[PDB]
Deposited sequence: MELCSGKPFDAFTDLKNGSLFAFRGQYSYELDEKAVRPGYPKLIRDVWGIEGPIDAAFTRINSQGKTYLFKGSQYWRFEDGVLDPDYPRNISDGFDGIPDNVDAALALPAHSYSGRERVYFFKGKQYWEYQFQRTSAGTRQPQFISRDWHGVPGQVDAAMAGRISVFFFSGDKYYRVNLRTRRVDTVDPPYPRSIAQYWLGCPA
């Protein structure tokens, strides 16, 4: 289906360079103001060389800007358009302490994995899990995808999303308020 169908998403990543990718079922959506065809539905198998649906994605903030895609117990690492050699790997081999079948991830060098009501911090070692709702104020303990900007993170749940200020770690006050339509207020779909 197309970007503006209103259906929930499976994953997002901000490449931290002006471009980002959304994932839903078998489809990958490149979202960049520089794109000749922004939001053109392409097959994940065609762009990333793997079968959808994926569970989570993130892109590291460092120089190399590697993209990580998660599905089940496995992850794939990409750079410069291409799957790195020695991928896929088991999550346990790259991310000790992080569970399988995650719901979401984001990168600020701190990475956060989300699964049910809990999240895990990873630094390039893992800690005890904490509660999403305790540390991300106004975010319920159920997220489908996440992505990190410069001053905000976004949490996606069904057909709606939340924006959280990174300083306050609280959902921002806007009008109409969060949670609100991904299609209408985040993608700027008709």
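Regions of the deposited sequence not represented in the model: Several regions go unmodelled: 109-116, 133-137, 204.
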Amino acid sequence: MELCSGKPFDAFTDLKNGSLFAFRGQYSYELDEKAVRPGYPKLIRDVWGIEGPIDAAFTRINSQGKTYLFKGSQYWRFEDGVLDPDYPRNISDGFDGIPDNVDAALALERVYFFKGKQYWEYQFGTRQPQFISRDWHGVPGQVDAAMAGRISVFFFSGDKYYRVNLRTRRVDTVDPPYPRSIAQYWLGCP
From here on, numbers count along this sequence of modelled residues.
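Please compare 70-78 with 96-104 and say which has the higher mean C-alpha temperature factor in the record. Between 70-78 and 96-104, it is 96-104.
Using only C-alpha atoms and the B-factors in the entry, which stretch averages higher, 131-139 or 24-32? Higher mean C-alpha B-factor: 24-32.
By the record's CA B-factor, is residue 146 among the lowest, middle or highest third of residues in the chain? CA B-factor rank for residue 146: lowest third.
Sorting the chain's modelled residues by C-alpha B-factor, tell me whether residue 122 ends up in the lowest, middle or highest third. Middle third by C-alpha B-factor.
Quick check for you: using the entry's CA B-factors within this chain, is residue 61 in the lowest, middle or highest third? For residue 61, whose C-alpha B-factor we compare with every modelled residue in the chain, the answer is the highest third.
Please say which third, lowest, middle or highest, residue 153 falls into when its CA temperature factor is compared across its chain. For residue 153, the deposited C-alpha B-factor lands in the lowest third.
Could you place residue 50 in the lowest, middle or highest third of its chain by Cα temperature factor, using the values in the record? Tercile = highest for this residue's CA B-factor.
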